[PDB]
Amino acid sequence: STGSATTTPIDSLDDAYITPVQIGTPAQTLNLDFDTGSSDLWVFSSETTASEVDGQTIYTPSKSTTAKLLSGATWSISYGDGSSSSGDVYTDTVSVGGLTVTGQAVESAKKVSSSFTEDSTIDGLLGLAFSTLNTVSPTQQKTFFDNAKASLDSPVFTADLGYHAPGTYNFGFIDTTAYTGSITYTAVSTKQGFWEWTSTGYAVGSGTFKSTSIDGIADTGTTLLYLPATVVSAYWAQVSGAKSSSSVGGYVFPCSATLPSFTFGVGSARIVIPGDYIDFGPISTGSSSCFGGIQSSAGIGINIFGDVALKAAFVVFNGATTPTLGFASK
């Protein structure tokens, strides 16, 4: 089998992407944030504290003839951006772009933190990291991809995120029309539960390529590109007027400035992030100071190839017995 679904930016800045997911019988369609940096599929629901729901579409298990309580199961998660959610668990039928998993753990939120409540466009998350990170207790649950894997034509999914435009998540096949050149594959470590890999270096604009190993994760659930402070400093030094602002919480720059591209290495291959992808707009409405899309990972404890980086590529998440990542230009 295969599946194919369009993913759509939630706002004009590509702060995140939402993909429609069918849950239950009859289908309840929720718009979920596909997140290769976590491993829980959780939803706003009829069980979510009322004061914490503000415009989201909810899953109501009692209206699904295929929903079954996963008795005794609870979940609780905290994300790198400080947000969190928790609740109980049902199993139900979940379909993405034509691909159906029966018995998928659907984690129903009883509580969500403020940032979730405040984002009316995201109805939940669908985790696509390794199932070892899943937070369900006492019995850890499998991701949608893990459950689908054996049925897929090939044990892969692909992320093709758009710049200020929709893109595509495919399951079970590689769309050879969706990228240019070849796909370069690179090794993955699953030891921390992430799609963790090692970039071979970087370049800033037309500058010479610096060969240096940068370990990081391919994370569709993180908006920006977070890299070591040395790398980030080298980038912003090429932007007139750029500075690191402690009050804003990262590098900012005047929008009158032109942003250089940023290149990252995948083996001997190179992915070029255009300058425009690194502009995240005014720090506040009407400000002439713009927020940068490349930021320091110092204090995160890991480098993160988030949407800024991934949307410049066609990305293969290869879930073969030995997982790997593939990157192509597009």
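The numbers used for chain A are those of Swiss-Prot, and the residues that appear cover 90-419, in sequence.
Just so you know, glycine gets a Cβ as well, placed from its N, Cα and C.
The following features are taken from Swiss-Prot:
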ACT_SITE  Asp124  active site
ACT_SITE  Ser288  active site
DISULFID  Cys344-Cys379  disulfide bond
DOMAIN    106-417  domain 'Peptidase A1'
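Structural mapping of features recorded in Swiss-Prot.
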residue	record	DSSP (3 states)
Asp124	active site	strand
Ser288	active site	strand
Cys344	disulfide bond	coil
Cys379	disulfide bond	strand
*Taking every protein chain shown into account, which of the recorded positions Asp124, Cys344 has the largest tally of Cβ atoms within 10 Å of its Cβ?*
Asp124
*If you count Cβ atoms within 10 Å of the Cβ of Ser288 (active site), leaving out that atom itself, what do you get?*
22
_When you rank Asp124, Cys344, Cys379 by Cα distance to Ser288 (active site), which of the recorded positions ends up on top as the closest?_
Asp124
*Please report how many Å separate the Cα atom of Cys379 (disulfide bond) from that of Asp124 (active site), as a whole number.*
26
*Starting from the Cβ of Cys379 (disulfide bond), draw a 10 Å sphere and report how many other Cβ atoms land inside it.*
23
_Just to verify a number: CA distance, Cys344 (disulfide bond) to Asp124 (active site), in angstrom, no decimals._
30
